[PDB]
Structure formats: C-alpha cells, structure tokens
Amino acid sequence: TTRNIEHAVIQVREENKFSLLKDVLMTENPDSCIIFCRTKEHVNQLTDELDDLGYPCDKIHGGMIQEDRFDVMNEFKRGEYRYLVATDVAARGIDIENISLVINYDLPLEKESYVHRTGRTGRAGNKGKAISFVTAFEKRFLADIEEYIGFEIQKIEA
C-alpha cells in the first residue's frame, strides 16, 4: 500500500531551533504531531519552554516509568493534546492510528531511526509530513539517512 509522506530538511543553528519549531507549528498547524529529541534532557527542556508559552503538550522519555509512558500515549491517542515531545522510546511499539507531522528536532544519528520515527505517519490514505532540523555539523548523518531511504530530501527555508 502507498505511503504518503512529504519529507523536508531545514538547515538551522542549534540555538535557533526553538524559534524555528514555533514557526513550523504555526505554519503547519497539525492536528497531531510528535517532536523527537535525542536525549531526555532535550525533551524536558523543550517541554518546559512549550509549557511556558501555553502550548498544550506532553512528553515521553526513558526516565519515566512504564505506566506513565503508557498513560501519556493514551491521552495523545484520545487527542487531549496536539504535540508530543519524545525520545525514540516513544516510537518503539508505537501503534497510534495516525500522526500527521513528525518533526526531528534533533536529527537521528542512526539511520534506521529516521524510518522508525515515521512509522505511524502517511499510512492508509493519510497525508503525512516529516520535517528534520539539521545543523552544519550533521551533514554526514543526513547523507547516511538519504542513502538508506533511497532518495535525497528536499531542503526548504522557514
């Protein structure tokens, strides 16, 4: 069955990622979105910053006990919030019917992860999108991903 995922990369400096995320969310205005980070520390910081600005969100990472990760994912499945901030642990066993937008706030440093993160996007007729933030120091990691998925990802601005 045909998967429908538009992929895009945005080159951005680390210190300007949060400002970029706010613009992307404003422009994409997704009904459901998962924002992946590399470490639980990044997840915690990003959730605090989103919280302080009034964004309805929640988080999932390896420092949380199993029942909390489960309950947080159920609230997401019920649509109680639009943005889930998470590490790759949220992608394992992920079974939520659909996630419209995947944002790799931190580009995956292991190529298989890029595909794993888009696991519930663009399926069964849903139109999906994956936007990755890439710094000047991650060009080789991006090239690894592109050779792995078999195609180059379009770089876009703003």
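Numbers follow the displayed sequence, beginning with 1.
*Asks:* Going by the B-factors listed in the PDB entry, is the mean over the C-alpha atoms higher for 88 to 96 or for 25 to 33?
*Replies:* Averaging CA B-factors over each stretch, the winner is 88 to 96.
*Asks:* Is the mean CA B factor in the deposited entry higher across 65 to 73 or across 49 to 57?
*Replies:* According to the entry, 49 to 57 carries the higher average C-alpha B-factor.
*Asks:* With respect to C-alpha B-factor, does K111 fall in the lowest, middle or highest third of the chain as deposited?
*Replies:* Ranked within chain, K111 CA B lands in the highest tercile.
*Asks:* Thinking about Cα B factors across the chain, which third does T118 belong to?
*Replies:* Middle third.
*Asks:* Going by what the PDB entry lists, where does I149 fall on CA B-factor within its chain: lowest, middle or highest third?
*Replies:* According to the entry, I149 has a C-alpha B-factor in the chain's highest third.
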